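Step one of this worksheet: look at the structure below.
Along the sequence shown, the residues carry numbers beginning at 1. In each ligand, atom 1 is the first atom listed, and ligand 1 is the first ligand listed.
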Amino acid sequence: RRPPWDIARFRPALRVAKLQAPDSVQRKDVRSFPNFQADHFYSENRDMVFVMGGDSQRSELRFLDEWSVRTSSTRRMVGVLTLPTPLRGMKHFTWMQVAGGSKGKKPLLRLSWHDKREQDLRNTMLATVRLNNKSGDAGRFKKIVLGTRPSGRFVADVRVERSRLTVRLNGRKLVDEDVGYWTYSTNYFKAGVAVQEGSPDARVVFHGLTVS
Ligand SMILES: O=C(O)[C@H]1O[C@@H](O[C@H]2[C@H](O)[C@H](O)[C@H](O[C@H]3[C@H](O)[C@H](O)[C@H](O[C@H]4[C@H](O)[C@H](O)[C@H](O[C@H]5[C@H](O)[C@H](O)[C@H](O)O[C@@H]5C(=O)O)O[C@@H]4C(=O)O)O[C@@H]3C(=O)O)O[C@@H]2C(=O)O)[C@@H](O)[C@@H](O)[C@@H]1O
């Protein structure tokens with residue numbers, strides 16, 4: 001295992017993100033990558049690997065650029081990645097998002113993996129598009145099934161511009177939504193592993209990741 005920063009094709013994305021993980025694992029969000037590796041963030045097989053367990057706990061890049069949905073310049077994140085079979089006890093983790101930041105509060109989008117959902121689906125991937133930024137019973141969502149977890153790599157490609165949000169998975173446009181009601185100006189991408197519910201370690205393996 002070696003520092004991810006050793007793999008040059010990860011450097012452009014590393015230069016415009018910081019790595020968030022729990023307070024127990026890191027004093028400060030990581031901003032300097034050369035030489036850095038830990039159990040939660042390392043490179044094996046030339047890939048950049050995030051590993052975290054515990055509900056709410058994350059090992060996730062937080063991209064520093066912040067924008068509104070109305071933006072004329074595309075914001076886009078594309079990842080080539082593998083979700084290895086999760087361990088029994090791992091229920092729900094998020095491997096890409098559009099975070100709503102300080103004004104939005106809640107994520108506009110989460111791309112997540114789930115042991116079980118009903119919409120009876122097992123081992124299934126979800127895009128959740130928030131219809132408002134509200135908590136608990138008051139929140140409204142569009143939940144878009146993304147299908148079964150690929151057993152090997154796949155490509156996820158998230159875009160927003162001019163109030164349109166899309167997500168392509170291996171080229172197929174599975175999410176295509178007007179997000180103009182989401183007026184907040186503090187959105188930004190993240191990628192990695194953020195565990196919603198699960199005690200065992202989840203691991204998310206990136207073969208490439210670029211933002212633009
Ligand atoms: O299945 C279900 O149970 C339901 O899921 C519902 O989606 C929920 C999720 O399950 C998660 O609870 C999700 O949690 C969000 C949380 O609501 C915030 O939006 C949070 O935002 C954190 C940011 O990502 C970022 O880390 C930010 O960093 C600050 C921080 O102060 C930090 O210390 C650092 O130093 O500096 C930064 C910064 O850089 O700005 O903190 C934000 C924070 O509030 O802590 O992100 C989590 C997350 O994991 O994404 O919320 C969603 C949701 O939509 O509410 C929903 O799908 C529902 O249908 C299901 O039934």
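- At least one heavy atom of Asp29 sits less than 4.0 Å from an atom of ligand 1.
- Between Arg62, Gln20, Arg117, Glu66, it is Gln20 that holds the heavy atom closest to atom 29 (C) of ligand 1.
- Closest heavy-atom approach to atom 7 (O) of ligand 1 within the set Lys190, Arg110, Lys134, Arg130: this belongs to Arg110.
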field: Full working for ring-ring contact (aromatic ring centres under 6.0 Å, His included) between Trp95 and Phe93
entry: CA-CA 7 Å; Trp95 37 277; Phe93 64 88; 8.2 Å; no
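- Close contacts between ligand 1 and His92 involve ligand atoms 1 (O) [criterion: under 4.0 Å to a heavy atom].
- Counted by atom type alone, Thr94 and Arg110 present one or more donor-acceptor pairs between their side chains at under 3.5 Å.
- Close to ligand 1: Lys18, with a non-hydrogen atom less than 4.0 angstrom away.
- In this structure, the side chains of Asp65 and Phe189 stay at 4.5 Å or more apart for every pair of heavy atoms.
- Defined by atom type and a distance below 3.5 Å, a donor-acceptor pair is missing between the side-chain atoms of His92 and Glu197.
- Every residue two or more places apart in sequence or in another chain that forms a side chain to side chain donor-acceptor pair (under 3.5 Å) with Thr71 is listed here: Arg75.
- Ligand 1 places these atoms under 4.0 Å from at least one heavy atom of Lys143: 59 (O), 60 (C), 61 (O).
- The number of heavy-atom neighbours closer than 6.0 Å to CZ of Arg164, taken from other residues, nucleotides and ligands shown, is above 12.
- For ligand 1, the atoms closer than 4.0 angstrom to any heavy atom of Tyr188 are 23 (C), 24 (O), 25 (C), 27 (C).
- Counting heavy atoms from C-beta on, the side chains of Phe154 and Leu81 come closer than 4.5 Å.
- Ligand 1 is approached by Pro107 to a heavy-atom distance shorter than 4.0 Å.
- In summary, the side chains of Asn170 and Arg168 do not present any donor paired with an acceptor at a separation below 3.5 Å, with no hydrogens or angles considered.
- Of all the heavy atoms of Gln97, the ones lying under 4.0 Å from any atom of ligand 1 belong exclusively to the side chain.
- Of all the listed residues (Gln26, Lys105, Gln57), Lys105 holds the heavy atom that lies closest to atom 18 (C) of ligand 1.
- Heavy-atom separations between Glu197 and ligand 1 are all 4.0 Å or longer.
- Residue-level proximity to ligand 1 for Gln196 is carried by the side chain, the only part with a heavy atom below 4.0 angstrom.
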